[PDB]
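Trainee: Shown below is the structure under consideration.
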Amino acid sequence: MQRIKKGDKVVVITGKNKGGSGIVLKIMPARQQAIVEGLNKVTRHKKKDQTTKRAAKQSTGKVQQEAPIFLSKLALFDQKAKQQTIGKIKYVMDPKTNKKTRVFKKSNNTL
RNA sequence: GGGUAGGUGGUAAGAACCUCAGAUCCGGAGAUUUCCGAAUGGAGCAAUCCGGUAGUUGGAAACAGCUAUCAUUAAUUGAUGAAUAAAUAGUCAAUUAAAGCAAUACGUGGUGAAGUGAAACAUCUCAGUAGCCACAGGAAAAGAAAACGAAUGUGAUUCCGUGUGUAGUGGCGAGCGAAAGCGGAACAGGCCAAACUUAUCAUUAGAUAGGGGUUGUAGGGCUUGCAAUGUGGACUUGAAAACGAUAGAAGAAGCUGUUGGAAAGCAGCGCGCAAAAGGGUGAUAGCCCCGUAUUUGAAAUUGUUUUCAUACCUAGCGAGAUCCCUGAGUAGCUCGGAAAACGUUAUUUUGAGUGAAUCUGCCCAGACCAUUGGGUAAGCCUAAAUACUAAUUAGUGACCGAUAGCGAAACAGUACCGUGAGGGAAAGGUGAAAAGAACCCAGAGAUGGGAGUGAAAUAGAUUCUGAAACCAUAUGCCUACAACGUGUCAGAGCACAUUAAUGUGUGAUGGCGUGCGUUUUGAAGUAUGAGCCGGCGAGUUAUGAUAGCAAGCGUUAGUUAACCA
RNA sequence: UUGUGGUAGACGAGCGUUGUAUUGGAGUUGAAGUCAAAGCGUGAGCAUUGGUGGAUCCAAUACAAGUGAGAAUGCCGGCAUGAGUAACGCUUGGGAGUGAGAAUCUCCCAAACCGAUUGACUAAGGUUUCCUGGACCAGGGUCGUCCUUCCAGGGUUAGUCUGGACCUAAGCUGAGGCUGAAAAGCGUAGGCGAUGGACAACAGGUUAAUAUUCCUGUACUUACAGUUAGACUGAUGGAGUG
RNA sequence: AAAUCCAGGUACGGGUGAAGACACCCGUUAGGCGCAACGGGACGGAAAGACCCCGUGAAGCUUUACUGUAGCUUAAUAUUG
Ligand SMILES: [Mg+2]
Ligand SMILES: [Mg+2]
Ligand SMILES: [Mg+2]
Ligand SMILES: [Mg+2]
Ligand SMILES: [Mg+2]
Ligand SMILES: [Mg+2]
Ligand SMILES: [Mg+2]
Ligand SMILES: [Mg+2]
Ligand SMILES: [Mg+2]
Ligand SMILES: [Mg+2]
Ligand SMILES: [Mg+2]
Ligand SMILES: [Mg+2]
Ligand SMILES: [Mg+2]
Ligand SMILES: [Mg+2]
Ligand SMILES: [Mg+2]
Ligand SMILES: [Mg+2]
Ligand SMILES: [Mg+2]
Ligand SMILES: [Mg+2]
Ligand SMILES: [Mg+2]
Ligand SMILES: [Mg+2]
Ligand SMILES: [Mg+2]
Ligand SMILES: [Mg+2]
Ligand SMILES: [Mg+2]
Ligand SMILES: [Mg+2]
Ligand SMILES: [Mg+2]
Ligand SMILES: [Mg+2]
Ligand SMILES: [Mg+2]
Ligand SMILES: [Mg+2]
Ligand SMILES: [Mg+2]
Ligand SMILES: [Mg+2]
Ligand SMILES: [Mg+2]
Ligand SMILES: [Mg+2]
Ligand SMILES: [Mg+2]
Ligand SMILES: [Mg+2]
Ligand SMILES: [Mg+2]
Ligand SMILES: [Mg+2]
Ligand SMILES: [Mg+2]
Ligand SMILES: [Mg+2]
Ligand SMILES: [Mg+2]
Ligand SMILES: [Mg+2]
Ligand SMILES: [Mg+2]
Ligand SMILES: [Mg+2]
Ligand SMILES: [Mg+2]
Ligand SMILES: [Mg+2]
Ligand SMILES: [Mg+2]
Ligand SMILES: [Mg+2]
Ligand SMILES: [Mg+2]
Ligand SMILES: [Mg+2]
Ligand SMILES: [Mg+2]
Ligand SMILES: [Mg+2]
Ligand SMILES: [Mg+2]
Ligand SMILES: [Mg+2]
Ligand SMILES: [Mg+2]
Ligand SMILES: [Mg+2]
Ligand SMILES: [Mg+2]
Ligand SMILES: [Mg+2]
Ligand SMILES: [Mg+2]
Ligand SMILES: [Mg+2]
Ligand SMILES: [Mg+2]
Ligand SMILES: [Mg+2]
């Protein structure tokens, strides 16, 4: 399975942004990146191009979007625990459904 | 089958979809596989053209779709059948194999030079090398003594060390150079012909298909008995098991503060280890991530080994007879060549000619004869150790790091050159992240100057660092009566202030002064080589000999080579 | 105390580069590289500071070398000198327009050369160079708003034309076969091979680009089937013509 | 653009010198820098002299040079009575 999936809450443990909590919107496995909403906001200088029916307007000024972040800098966020903390996960297989599930190693919380 | 939550190959954003009834992706097994090309229906200027035959569907037929088949050679079988009665030649049909390619590499065989050396050259060497051709194989070749060879000897072949640069062979010149023996790697021996016998061929068999046999301290057959039912194979089918190969699963351990754009660096306090190999993460991370040590797992295909059964092959010691068999245009010999270290010679081989004997036999022990001894030619097959790497997996390097390393880090045998064979380049790096510069000004625009992002824009796509030659700008000094290898020793004036040093920059003027390498008796040279700058560019390696120095071991010393771990 | 010029040459002692092995050390508070300066050594050489640069490097003792560049009419790359010099490879003037910019682009009027040709149709070859619009990185021996250059789109219509589905010449290939160490050479029957032979379409119009091809008009030729009438049909071979 | 180019700030007379000097010795002359000319010199440039000699160099050709050989011719022997 994968350490980080599309949807789970995640934070950053290195860089200028420390303790930045967000939801992963998209994962590129090949480039080992991850788009997390609200984090790594870059503002491309949006030019103007008019060669299509939609390009006739293409209103784009200082649109701030999301820049991808290396998957190593991401860490899963705990929610079930009363005191939330950042830890590592296991890949135990519970015989109830025989499906692999991530479980933290500093607690006993699933996913 | 594995495996998930993403995917629709790269320059690549966007549009539109697919995907949790399990996608994309990885592995095993299959399906489809246009045309040229051995190309093989016929042709042809390769990727084109023109068909025949037998089916089937439309048409009223020509015709048009959709299928299968149609080359040549060799072998077997059957049919037909000339000159010419029979019979062959030939013709036709059916079945089975062959064609070709590549691994710039190893094997075998045929053919086979020259440059060069001998300080010339012809014998010789180079060299049975290059090249040309044929046939393979996963290796090939060789192979079980008519042997070595001098002994109370060894007992297929192959490969390594030594014997040794020895015996020898050489216009006895340049050179060439074994075979024994010894030490090792591996080890395996089998099977036909003839006798004798069985059955069948107008049985003129002298032919076909079986039993019997495979030799040297001779063997086998003929007749007559004892003992045997085993051990082992280079061996067929199956069944079972084990070890693997082709995807994978799990896989421990960290926070705080400081400089910093960013920590993983630094410091403090800790933790894990059968994991401190490696890669990435904004700098230099055992504990951030992927992994690694370790434990594991295969539906399907495939490799090795073992066990059981099952085919095939595989078996000893006597007696008598005194009879038969033991590989012929063969061994020898003569005339021309060659192979072996030998430049032809005892041994091996052959183009021409001739030509034997049959265990009281034949060959050999460097001409040859006799004695002694060794071995059984003229038939075949043979694993292992040995040679090599185009390719697949893992990994290593006192190997290279864009003039280096493969010619080719990029889309390189490309661009390009030549009718053709053939020849054959250069060219890598923005930033952590494109956040690739919206917007304003000048301009026609590219572009430039600001703004903005960024730690850095003198990192801006001309994109890591940016040297010299070369071209321009400027502070300071000098220079327009001056004979100059352009410098050196003195020396005013001018302008500054340093790796603080009897300082630095320029140099009115005085004295002296014909470059650097090469090759020459002798070069400023009217001898030669260099336009300048930068990179590259020429005493090495392997095997031996001598001598100097030093160390280890020493007076029945010293030291191993191959090979094994 | 005696000495210390020196080529060929002999001997001895050292420096420097890259990497490896052992020790220690420095580095985003800035390493290598790289530039400058008024330093230290007997020599190869070695430091200090500052600028640029952005991640490795240094000292000691040993070891191994693709280990030292000024010359080879040396190789490669760059840049000078000659020198803004020679040369720019046969053809004039003006008006109007476009354009930011015009001797060079567009149109018009002349002018000058070709006129058995610089005119028109095609074979061979070339392979999109053809037409339209746009552009002025590069190429055009100047310029350029323009080009045979570049970008985007488009363009080649056959029963009768040129060649196959027809035929052969020189010649090539060639089952069998002959010859030859091998590869192969020769060659019969067959099969290819035009630059030749046989074969049915002419006139006009149309698009920016095609036209005996598309359109209009009028024709012709060869096959197959049905049908009507007549006739016995007569080749893979012989002969004539070709 | 081009060949060329050791660096140049590149006079003349007599002498000297590797024997014919822009550069040496002794004298004379000459303000700095161009442009258009013409070729005296720079033993000017282009071509590692083709003439000559040397090399125990190469190649082509010749012959009663040497050694061989294709081919031609003669004999023995086998096919061969
Ligand atoms: Mg599946
Ligand atoms: Mg010779
Ligand atoms: Mg010689
Ligand atoms: Mg010689
Ligand atoms: Mg064999
Ligand atoms: Mg895993
Ligand atoms: Mg882990
Ligand atoms: Mg690390
Ligand atoms: Mg003999
Ligand atoms: Mg020999
Ligand atoms: Mg005997
Ligand atoms: Mg003897
Ligand atoms: Mg015998
Ligand atoms: Mg290269
Ligand atoms: Mg380069
Ligand atoms: Mg070409
Ligand atoms: Mg800028
Ligand atoms: Mg540049
Ligand atoms: Mg740069
Ligand atoms: Mg003056
Ligand atoms: Mg005067
Ligand atoms: Mg004077
Ligand atoms: Mg003077
Ligand atoms: Mg002076
Ligand atoms: Mg002087
Ligand atoms: Mg020198
Ligand atoms: Mg001389
Ligand atoms: Mg002389
Ligand atoms: Mg001179
Ligand atoms: Mg001369
Ligand atoms: Mg010379
Ligand atoms: Mg010169
Ligand atoms: Mg140089
Ligand atoms: Mg010694
Ligand atoms: Mg001396
Ligand atoms: Mg070192
Ligand atoms: Mg520095
Ligand atoms: Mg070198
Ligand atoms: Mg030049
Ligand atoms: Mg110039
Ligand atoms: Mg001039
Ligand atoms: Mg002139
Ligand atoms: Mg002129
Ligand atoms: Mg002209
Ligand atoms: Mg003119
Ligand atoms: Mg006229
Ligand atoms: Mg014309
Ligand atoms: Mg073109
Ligand atoms: Mg046009
Ligand atoms: Mg145009
Ligand atoms: Mg121009
Ligand atoms: Mg028509
Ligand atoms: Mg034809
Ligand atoms: Mg014709
Ligand atoms: Mg036309
Ligand atoms: Mg004199
Ligand atoms: Mg000469
Ligand atoms: Mg000679
Ligand atoms: Mg010679
Ligand atoms: Mg004769």
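Residue 123, in the numbering used here, is where the first sequence stops; the numbers in between run on with no holes.
Don't be surprised by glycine CBs; every beta carbon is placed ideally from N, CA and C.
(1) Between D106, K69 and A93, which has its C-alpha nearest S119's C-alpha?
(2) Closest to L83 by C-alpha separation, out of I47, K108, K102 and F89, would be which residue?
(3) List, from N- to C-terminal side, the beta strand (DSSP E) runs of 3 residues or more that fit wholly inside the stretch 14 to 45.
(4) Quick one: give me the first and last residue of the beta strand (DSSP E) that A87 is part of.
(5) What does a CB cutoff of less than 7 Å around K30 pick up in its chain, not counting 5 residues either side in sequence?
(6) How long is the line joining the alpha carbons of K85 and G73, rounded to whole angstroms?
Mentor: According to the data block:
(1) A93
(2) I47
(3) 21 to 24 and 34 to 40
(4) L86 to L88
(5) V24
(6) 30 Å
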